[PDB]
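This document starts with one chain, in the form deposited in one PDB entry, laid out as structure tokens.
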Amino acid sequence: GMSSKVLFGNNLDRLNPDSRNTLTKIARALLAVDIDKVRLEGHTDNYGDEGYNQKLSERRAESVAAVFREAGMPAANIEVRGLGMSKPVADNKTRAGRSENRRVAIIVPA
């Protein structure tokens, strides 16, 4: 369940109930131990153009941000960033790699 990486289907930007429940637990844990800040970075595969992917990455990051806000984390303490297709961690040549690029990274910055 719990992971810093949240995955999405091809061209999708929402969260199913299992994902939302997992993310609520992460959010509530961070709230409980009085963490200052969470940074949510949205990402895409490189299919489609820069702008298309930029906006998709923003929608993904916002979906995750909303779960943190609903759990009680103030918006002022959440940094939401879409990086589009620019910072892959896996191989866009393959389905498996593209799948691992379709993500939000949950970060607790120092």
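Residues that one form lacks are left out of the comparison. Between two forms, the rigid core is the largest collection of C-alphas that superpose within 1.5 Å. From 1 onward, residues are counted along the sequence shown.
There is another form of the same protein, the form deposited in another entry; it is not shown, and what comes next is about it.
Asker: Return yes or no for residue 87: a CA shift of at least 2 Å between this form and the one not shown, with the rigid core superposed?
Answerer: No, residue 87 moves less than 2 Å.
Asker: Aligning on the core only, does the CA of residue 104 end up 2 angstroms or more away between this form and the one not shown?
Answerer: No, the C-alpha position differs by under 2 Å between this form and the one not shown.
Asker: What moves between this form and the one not shown once the core is lined up, counting runs of 3 or more consecutive residues with C-alpha shifts of 2 angstroms or more?
Answerer: That run whose C-alphas all shift by 2 Å or more is 1-15, the only one.
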